[PDB]
Amino acid sequence: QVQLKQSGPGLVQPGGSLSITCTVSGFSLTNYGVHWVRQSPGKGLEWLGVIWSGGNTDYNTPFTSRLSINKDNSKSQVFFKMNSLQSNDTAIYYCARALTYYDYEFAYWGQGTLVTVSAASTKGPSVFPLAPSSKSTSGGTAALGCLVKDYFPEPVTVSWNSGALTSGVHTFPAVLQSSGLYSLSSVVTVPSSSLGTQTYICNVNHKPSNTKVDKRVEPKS
Amino acid sequence: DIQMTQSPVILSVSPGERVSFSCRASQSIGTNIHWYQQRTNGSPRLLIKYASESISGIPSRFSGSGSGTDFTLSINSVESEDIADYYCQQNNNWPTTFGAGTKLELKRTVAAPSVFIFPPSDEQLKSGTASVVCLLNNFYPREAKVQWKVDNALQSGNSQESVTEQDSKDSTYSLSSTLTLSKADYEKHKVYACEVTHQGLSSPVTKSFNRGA
């Protein structure tokens with residue numbers, strides 16, 4: 001099947017440059033163009049440019065002087081580079097392929113890459129448990145979680161038990177603290193009868209700081 | 001460049017109903033419009049191309065219509081998996097451009113939140129700060145209010161909250177609120193309380209704990 005897979009998120013300083021790699025499978029770059037689209041809360045979805053089968057490029061008008069797209073056909077990789085970055089370039093960047101070699105009907109999308117443009121420095125999170133309580137177990141169900149505190153930039157990814165626990169999980173949108181650092185919580189509701197035997201571990205990954213923190217969440221004695 | 005205008009911003013619909021999304025172009029685009037679904041934290045998914053043409057793997061309940069400047073995406077019999085944002089795209093005129101999205105909300109019966117309070121962890125307290133967390137789980141509708149009280153005094157200026165997007169399995173929301181204190185301030189007070197109001201609650205619900213007990 002057709003797949004597009006992107007490099008990870010990261011922080012760039014104002015005035016610097018970003019580089020994103022899109023690795024494709026299921027089709028050849030010699031037969032399809034690959035397009036780039038970004039999405040932000042403030043500007044919505046915005047088409048950025050394309051590299052066509054034969055290597056020609058088109059860049060959307062706002063970006064002609066600071067965008068470069070090239071590729072490695074033999075390795076099925078497309079490289080997106082953008083220069084002179086400012087705050088309003090913070091966005092999720094996607095690569096995409098159309099149904100037909102020449103068209104813009106985007107049937108296949110990468111997973112997206114969050115690029116943050118800010119003068120701040122990267123900081124990985126501290127992770128604290130939100131232990132299940134005894135006076136707080138409502139009708140056979142208990143709530144527990146993890147507090148993911150004081151990191152920059154977004155995003156963090158949280159899983160529970162390495163992906164084996166997905167039902168009842170709520171990972172909340174991050175809040176920006178007045179310190180300029182993000183915090184979020186992730187919770188899960190589980191059977192009260194399970195709390196003595198079942199282990200619950202929250203897995204927190206922050207690619208920009210290359211940190212992965214696993215925290216076991218236990219009833220207290 | 002062509003502006004694509006989607007209105008309204010949010011469409012709230014009951015399960016099983018037919019829902020229609022509007023997209024209008026600032027100049028005629030013929031039938032050169034495509035539609036996408038984007039679920040929370042997901043990538044766009046192509047639903048319809050060229051105003052009305054079907055896409056492999058998309059349920060038959062999705063269809064599109066229109067020509068010129070006035071276009072519609074329709075879902076017959078909407079269901080929970082349709083909870084998402086919906087975008088239009090024109091490509092009659094370079095550069096291709098996108099609408100700003102319409103959010104689909106599915107109505108359901110009123111559900112009061114289940115409320116949980118979490119003291120700061122001993123590990124956090126080591127480092128000089130105390131975060132108290134209040135969870136409001138699986139409620140509808142989205143409006144909810146949290147009040148923090150410390151020794152029965154209403155707190156202001158030291159909390160932040162976050163709300164999830166609508167859950168595609170049960171059509172509810174959840175909310176987390178964090179009260180942040182210094183360890184020194186935390187250890188000066190006894191009763192920590194989260195007080196919750198919601199349409200499904202005829203009286204406020206309070207969850208509290210006594211520090212150290």
Side-chain angles (χ1 to χ4, degrees), chain A residues 4 35 37 39 43-49 58 60-62 92 94 96 99 103-112 126-133 135-139 141-145 147 149-150 155 167-168 170-178 183-187 189 215 220, chain B residues 1 4 6 32 34 36 38 41-46 49-50 53 55-57 87 89-91 94-101 114-125 127 129 131 133 135 137-138 160-165 167 169 172-178 180 207-209 213:
Chain A
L4 299 82
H35 301 247
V37 176
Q39 189 176 29
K43 289 195 240 196
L45 290 151
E46 187 168 13
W47 177 88
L48 304 167
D58 294 311
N60 199 352
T61 307
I92 299 170
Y94 296 96
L99 279 182
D103 213 326
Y104 300 67
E105 35 215 347
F106 301 127
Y108 309 100
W109 293 72
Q111 85 274 19
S126 303
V127 182
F128 306 111
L130 299 166
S133 174
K135 181 165 86 94
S136 312
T137 53
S138 64
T141 294
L144 59 99
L147 175 68
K149 192 163 156 74
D150 291 341
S167 178
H170 298 292
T171 297
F172 288 91
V175 301
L176 185 63
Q177 303 170 108
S178 58
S183 178
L184 66 69
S185 55
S186 178
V187 299
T189 54
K215 198 73 179 192
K220 293 182 65 65
Chain B
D1 71 336
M4 299 296 274
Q6 292 185 255
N32 210 313
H34 319 306
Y36 303 82
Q38 187 180 35
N41 291 328
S43 301
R45 178 193 184 200
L46 183 65
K49 66 187 179 72
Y50 289 109
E53 300 182 351
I55 303 294
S56 163
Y87 294 94
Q89 172 199 7
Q90 71 83 29
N91 195 34
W94 192 98
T96 190
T97 52
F98 292 89
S114 297
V115 185
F116 306 85
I117 189 166
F118 299 98
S121 68
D122 281 340
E123 182 184 2
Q124 189 187 17
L125 291 169
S127 81
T129 295
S131 302
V133 173
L135 168 62
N137 212 31
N138 303 341
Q160 296 185 289
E161 65 178 36
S162 177
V163 188
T164 55
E165 292 285 338
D167 189 82
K169 292 190 171 168
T172 66
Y173 304 89
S174 294
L175 178 155
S176 178
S177 178
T178 303
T180 301
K207 298 295 176 181
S208 60
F209 66 89

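Side-chain atoms are counted along with the backbone in the values below, which use heavy atoms only and exclude waters and symmetry mates. Below, chains carry the letters A, B, ... as their sequence lines are ordered, and counting in each starts from 1.
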Quiz item: In terms of side-chain geometry, is the basic nitrogen of B/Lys49 or A/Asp103 positioned less than 4.0 Å from the acidic oxygen of its partner?
Solution: no
Quiz item: What is the distance from atom OG of A/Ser136 to atom CZ of B/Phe209, rounded to the nearest 0.5 Å?
Solution: 10.0 Å
Self-check item: Region of B/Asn41 that comes under 4.5 Å of a non-hydrogen atom in chain A
Solution: neither
Quiz item: Which bit of B/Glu165 is near chain A, if near means a heavy-atom gap under 4.5 Å: side chain, backbone, both or neither?
Solution: neither
Quiz item: Of the non-hydrogen atoms in B/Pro95 and A/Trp47, which two are nearest, and what is the gap between them?
Solution: CB-CE3, 4.0 Å
Quiz item: Does the side chain of B/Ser176 pick up a donor-acceptor pair with the side chain of A/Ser185 at under 3.5 Å?
Solution: yes
Quiz item: What part of B/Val163 gets closer than 4.5 Å to chain A, counting heavy atoms only: side chain, backbone, both or neither?
Solution: backbone
Practice problem: To the nearest 0.5 angstrom, please state how far the OG atom of B/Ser43 sits from the OH atom of A/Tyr108. | Solution: 14.5 Å
Quiz item: Considering all heavy atoms of both residues, which atom of B/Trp94 and which atom of A/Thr61 are nearest to each other, and what is their separation?
Solution: CZ3-OG1, 3.5 Å
Quiz prompt | Residue part contacting chain B, namely of A/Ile92, when any heavy atom lies under 4.5 Å | solution = neither
Quiz prompt | Closest-packed option against chain B by number of heavy-atom pairs under 4.5 Å, given A/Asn60, A/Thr137, A/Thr189 | solution = A/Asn60
Quiz item: Most heavy-atom pairs under 4.5 angstrom with chain B, which of A/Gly44, A/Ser178, A/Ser126, A/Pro173?
Solution: A/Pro173
Self-check item: Minimum heavy-atom distance B/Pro44-A/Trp109, with the two atoms named
Solution: O-CD1, 3.3 Å
Self-check item: Interface moiety of A/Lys149 toward chain B, non-hydrogen atoms closer than 4.5 Å
Solution: side chain
Self-check item: Most chain B-contacting option - heavy-atom pairs closer than 4.5 Å, from A/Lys135, A/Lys43, A/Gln111, A/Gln39
Solution: A/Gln39
Quiz item: Which pair of heavy atoms, one from A/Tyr94 and one from B/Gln38, lies closest together, and at what distance?
Solution: OH-NE2, 3.2 Å
Quiz prompt | Under 4.5 Å from any heavy atom of chain B - which part of A/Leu99 | solution = side chain
Exercise. Report yes if the side chains of B/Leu46 and A/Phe106 come closer than 4.5 Å at any heavy-atom pair, otherwise no.
Key: no
Quiz item: Looking at A/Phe128 and B/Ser121, what are the two nearest heavy atoms and their distance?
Solution: CB-OG, 3.5 Å
Quiz item: When rounded to the nearest 0.5 angstrom, what distance separates CG in B/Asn32 from CD in A/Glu105?
Solution: 8.5 Å
Self-check item: Structural part of A/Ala131 lying under 4.5 Å from a heavy atom of chain B
Solution: backbone
Exercise. For atom NZ of A/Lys220, decide whether the heavy atoms of other residues, nucleotides or ligands shown that lie under 6.0 angstrom number more than 12.
Key: no
Quiz item: Can you tell me how far CG of B/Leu135 sits from CG of A/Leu130, rounded to the nearest 0.5 angstrom?
Solution: 9.0 Å
Quiz prompt | Where A/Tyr104 and B/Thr96 come nearest, the two heavy atoms and their spacing | solution = CD2-CG2, 4.3 Å
Practice problem: Below 4.5 Å from any heavy atom of chain A, which atoms of B/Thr164 appear? Answer side chain, backbone, both or neither. | Solution: both
Self-check item: Winner by heavy-atom pair count (cut-off under 4.5 Å) against chain A, out of B/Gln160, B/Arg45, B/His34, B/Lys207
Solution: B/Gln160
Quiz prompt | Reported OH-to-CG distance for the pair B/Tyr36 and A/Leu45, which is rounded to 0.5 angstrom | solution = 9.5 Å
Quiz prompt | Proximity breakdown for B/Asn137 and chain A, heavy-atom pairs closer than 4.5 Å | solution = side chain
Quiz prompt | Side-chain donor-acceptor pair present, B/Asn138, A/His170, cut-off under 3.5 Å | solution = yes
Quiz prompt | Gap separating the CD atom of B/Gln124 from the CG atom of A/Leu147, nearest 0.5 angstrom | solution = 6.0 Å
Quiz item: Which bit of A/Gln177 is near chain B, if near means a heavy-atom gap under 4.5 Å: side chain, backbone, both or neither?
Solution: both
Quiz item: Taking it one step at a time, do B/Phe118 and A/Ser133 satisfy side-chain contact (heavy atoms from CB on, under 4.5 Å)?
Solution: CA-CA 8 Å; B/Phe118 299 98; A/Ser133 174; over 6 Å; no
